[PDB]
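One structure below.
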Amino acid sequence: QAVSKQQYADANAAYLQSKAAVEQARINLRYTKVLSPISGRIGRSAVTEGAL
Amino acid sequence: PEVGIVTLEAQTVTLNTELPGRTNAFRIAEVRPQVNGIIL
């Protein structure tokens, strides 16, 4: 009873939001390393370094 | 029946081939901004 159910709610609320954000952050970071979906011969890179 | 034949004889020839093409940069890069602002 040291704290209202409301407070604990709001708390666990933000906690979930965070956990959410982190996972999404993790995924975007992971995608910064572009990999080859398969194995084979790769040709010309249609993109230049520094490109966007 | 007559024809126009040519006497084949051994000649000394050099073997060289010409491959057409275009020149291209060895490597290319683009310069871009990664923050907003004014160019000083």
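Residue names in the structure tokens use chain letters A, B, ... in the order shown, residue numbers from 1 in each chain, and ligand numbers from 1 in the order shown.
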Could you name the residues that touch range 24-28 of chain B at 9 Å or less, counting only C-alpha atoms, but leaving out those on the same chain fewer than 2 positions away, as a ChimeraX atom specification?
-> /A:48-50 /B:22,30
Secondary structure check, helix (DSSP H, G or I) residues of chain A, as number ranges by chain = A: 5-30
With C-alpha atoms retained, export the selected residues as a CSV table (one decimal), in the first residue's frame.
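What ended up in selection30.csv:
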```
chain,number,residue,atom,x,y,z
A,5,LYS,CA,-2.1,1.2,-8.1
A,6,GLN,CA,-2.1,4.2,-10.4
A,7,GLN,CA,1.5,5.1,-9.7
A,8,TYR,CA,2.7,1.5,-10.2
A,9,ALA,CA,0.7,1.4,-13.4
A,10,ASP,CA,2.3,4.6,-14.8
A,11,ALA,CA,5.6,3.0,-13.8
A,12,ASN,CA,5.2,-0.3,-15.4
A,13,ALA,CA,3.8,1.7,-18.3
A,14,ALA,CA,7.0,3.6,-19.0
A,15,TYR,CA,9.0,0.4,-18.4
A,16,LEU,CA,7.2,-1.3,-21.2
A,17,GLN,CA,7.6,1.8,-23.5
A,18,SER,CA,11.4,1.6,-22.8
A,19,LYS,CA,11.8,-2.1,-23.4
A,20,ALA,CA,9.9,-1.4,-26.6
A,21,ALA,CA,12.2,1.4,-27.7
A,22,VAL,CA,15.4,-0.5,-27.0
A,23,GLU,CA,14.3,-3.4,-29.1
A,24,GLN,CA,13.6,-1.1,-32.0
A,25,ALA,CA,16.9,0.6,-31.5
A,26,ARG,CA,18.6,-2.7,-31.5
A,27,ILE,CA,17.1,-3.6,-34.8
A,28,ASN,CA,18.0,-0.4,-36.6
A,29,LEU,CA,21.6,-0.7,-35.4
A,30,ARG,CA,21.8,-4.2,-36.7
```
What does the distance from CA of residue 35 in chain B to CA of residue 34 in chain A come to in Å, to one decimal?
->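 Separation between CA of residue 35 in chain B and CA of residue 34 in chain A: 23.0 Å.
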Pick from A:1, A:32, A:39, A:45, whichever lies nearest to chain B using only C-alpha atoms = A:45
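You will find CA of residue 33 in chain B at 10.7 Å from CA of residue 51 in chain A.
Proximity to chain A was assessed for B:34, B:29, B:21, B:40 counting only C-alpha atoms; the smallest distance is recorded for B:29.
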